[PDB]
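This document starts with one chain, in the form deposited in one PDB entry, laid out as structure tokens.
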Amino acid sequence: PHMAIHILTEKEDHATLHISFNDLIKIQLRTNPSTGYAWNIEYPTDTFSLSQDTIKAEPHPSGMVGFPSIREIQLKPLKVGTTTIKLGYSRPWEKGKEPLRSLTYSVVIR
């Protein structure tokens, strides 16, 4: 046993992550707020607490400001068990339609 922070990105789509009860999951995704797109996260509310949610300019601003930005969400397990996290990249004015891109992660909290 020990605390670990597990970093998930776009590249880990469909991965299954095994974590301990005192771990953190840190999802780090690029985004371009000036296009109106944003990531939306869904998970069971009785399963994780949001320990931090952040949008920030890249630490090496080579290109234009805010392009891209980094969206980071850090989740802490509330309960042990198995759960799924879904992300969608879309504009706000969507009538529940399909997002431009989707990500899915499976999490086993042991």
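We call the rigid core the largest set of C-alpha positions that still match within 1.5 Å between the two forms. The first residue of the sequence shown is number 1, and the count goes up from there.
Would you determine, from the values in the PDB entry, which of 55-63 and 78-86 has the greater average C-alpha temperature factor?
The stretch with the larger average C-alpha B-factor is 55-63.
With reference to the PDB entry, specify whether the mean Cα temperature factor is higher for 95-103 or for 20-28.
The deposited B-factors put 95-103 ahead on the C-alpha mean.
Pick out which of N40, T35, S49, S69 has the highest C-alpha B-factor in the PDB entry.
Of the candidates given, the C-alpha B-factor peaks at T35.
Only in words, not in the display: the form deposited in another entry, which the text now covers.
Fix the rigid core, compare C-alpha positions between the shown form and the other one, and report which of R91, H14, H18, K97 shifts by 2 Å or more.
Among the listed residues, the outlier is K97.
Classify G66 as shifted (yes) or not shifted (no) between the shown form and the other one, where shifted means its C-alpha moves by 2 Å or more with the rigid core superposed.
Yes, its C-alpha moves 2 Å or more.
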